[PDB]
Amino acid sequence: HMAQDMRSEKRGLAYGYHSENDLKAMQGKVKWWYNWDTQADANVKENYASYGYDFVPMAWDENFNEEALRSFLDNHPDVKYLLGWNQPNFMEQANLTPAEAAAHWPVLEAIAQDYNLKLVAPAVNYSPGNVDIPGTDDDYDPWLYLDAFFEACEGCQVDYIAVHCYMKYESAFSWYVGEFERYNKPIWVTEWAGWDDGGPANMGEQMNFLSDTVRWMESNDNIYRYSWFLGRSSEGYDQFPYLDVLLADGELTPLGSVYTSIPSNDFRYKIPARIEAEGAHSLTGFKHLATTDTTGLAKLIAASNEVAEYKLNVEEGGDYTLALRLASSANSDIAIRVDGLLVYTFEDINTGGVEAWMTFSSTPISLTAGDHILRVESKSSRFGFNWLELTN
């Protein structure tokens, strides 16, 4: 039962109904959260900090309960950030022109001064265009909105940019978020999921999109924080567009397992440990699906020559046995490398079905103390891969 280091410093969640069991389930894998509101969720307000979280209050629009916000900040001095207006460029959200959003900003600056907070700019996305931006017909444009906001907010304290995105193509997401780097402030992606343009065709597509975009954000130094939309949805995890991270109390969905398992660039796994397959530091080709296996929640799926790499901090050199939890309708071959060198091949792995699971163990593999890359390579095979375990 190896206690791993903090999996990510950037990763957060957008959700307002956490239990303590929910925070414990994500502990050490999620750093922060917000709930669109002025104080932490009632059932975790007393104890959230003891599980490693910081809570980020929000002033959703200019009519936010300032008394409630200041009272919360009086009792929670670890709070470091405050989020400004939610989608002011949407008539159905905060509904403030750039000039109005700037005119109300001093209320937030006074709170930031009083409690030593940094401020996140109002969150924007492409909009229906029903909040006017002066000087353009392109009222839908989020950069034109922020340009006008900053021009009106002369001298304002704005430490970070907030971005929402509902595109479903990872290359569109990276282009879009990258456009906000022009303002020379670290970015918080405070809501995203694949949803527009028809959205995901199935849960696996959303899991793949989440993986691609989380991995891009972990590697982009200009991204400060990100939070998936959202913890739980009213319709639930298996209904389009498959949003939920949390399932039953204190438990994750398949998508939430992917979200919480993906490591930062600098995180390193300690061993002996079981490591979820979806916690790879690097994936080439591998895709994601839910699994019906008796443990675990998500699986990687190979169809050809896919590669997954896991970066290890081996504190005790020695001979470790590698177990893989696998499903394979035909014969699968899987090559295992350490720092690029072949140490073992699983040969003719066959379970008889895509959700017929077995655990397969290697011979002992010599690992010296230090940093190593464990590489799991499909050799022209079709299989599912739930988790791995290194034992000594």
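In case it trips you up, residue 1 is the first one in the sequence shown, and so on.
Stretches compared: 24-32, 62-70. Higher mean C-alpha B-factor in the entry: 62-70. Averaged over CA atoms, B-factors in the entry run higher in 108-116 than in the other of 108-116 and 174-182. The entry lists C-alpha B-factors for 143, 140, 229, 226, and the highest of these is at 140. Highest CA B-factor among the listed residues (208, 93, 190, 261): 93. Among the modelled residues of its chain, residue 255 has a C-alpha B-factor that falls in the lowest third, as given in the PDB entry. The PDB entry assigns residue 233 a C-alpha temperature factor belonging to the middle third of its chain's modelled residues.
Residue-level temperature factors show residue 274 in the middle third of its chain, judged at the C-alpha atom. Per the deposited record, the Cα B-factor of residue 201 falls in the highest third when ranked against the other modelled residues of its chain. Sort the modelled residues of the chain by CA B factor and residue 213 lands in the lowest third.
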